[PDB]
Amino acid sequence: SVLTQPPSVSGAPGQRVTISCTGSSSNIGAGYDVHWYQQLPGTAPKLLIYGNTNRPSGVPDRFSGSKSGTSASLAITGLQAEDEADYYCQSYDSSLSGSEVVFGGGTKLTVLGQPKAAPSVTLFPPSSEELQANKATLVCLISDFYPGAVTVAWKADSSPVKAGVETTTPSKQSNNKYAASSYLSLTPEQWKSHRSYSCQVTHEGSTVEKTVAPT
C-alpha cells in the first residue's frame, strides 16, 4: 500500500480514537484530497469521508476527517459497537511513472466489549504419514484471544523464515474471542536438518512462542 495506516486501534464505547494516514510529496503532499472508507466483514467498502472533511448523508458527525502536509487523520468520537470495521484512507498519486488511485493498508478498529485475553497457542510438527508423502507442514493454532489482532513470526532454529508461511485472518469464536492458524510448508530435509522450528504469536505487546523438534 502507498499510504501507511496503523494495522489496528481499539477504544471502549463512548471514547475517542484517531486513525493516522501518512502519504508523500506525490499524493497528499501534492494537494490531492483524502477519502475514507468503512468496510464491515463480508461487505463492499462504504464511503465514510470525501474531500478530506465531508460526510455523506448517512454518516454521523461522530466521524471527522482532517488533512495537513503529507498526512491525514480519521477521528471517531463516542465509539459505538457498530463502528467496529476496517477503515481505509484513499488519495491520488501523480508522478512521471503514472497517475494512480492509492490506498492505505487498512486499520482494524475494535470497540472493546470484553476484557483483553492472551492467545492459547498449540504447535504440531509434521505427521510421519505426511513426511512419507515427501511433504512437511508445521500447524500453529491460535485461540481465545481478544482483541482479534495478532502477528505470527516463524523461526528455523533462532533465524526468521518468511518463505512457505500461510496465516488466516482472525475470526470470532462462539465465545466472541478470536481464532487464527498459521502453516509453515517445508521439505522433509529442511524439517529433519534443523534443531527446531518455533511459532511466535504477538498479541497486545505480549508474545507466546511454541517450539517443535524432529523426535
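One-based numbering along the sequence shown.
When the mean C-alpha temperature factors of 156-164 and 65-73 are read from the deposited coordinates, 156-164 comes out higher.
Set 20-28 against 190-198 and average the Cα temperature factors; 190-198 ends up higher. Within the listed group 52, 181, 176, 38, the record reports its top CA B-factor for 176. When the C-alpha B-factors of 107, 114, 91, 94 are ranked from the entry, the top spot goes to 114. For residue 147, the recorded CA B-factor ranks within the middle third of the chain. Only modelled residues enter the ranking. Placement of the Cα temperature factor of residue 8 within the chain: middle third of the modelled residues, per the deposited record. Per the deposited record, the Cα B-factor of residue 134 falls in the highest third when ranked against the other modelled residues of its chain. Compared with the other modelled residues of the chain, the Cα B-factor recorded for residue 119 ranks in the middle third.
In this PDB entry, the Cα temperature factor of residue 100 sits in the bottom third of its chain's modelled residues, the lowest group.
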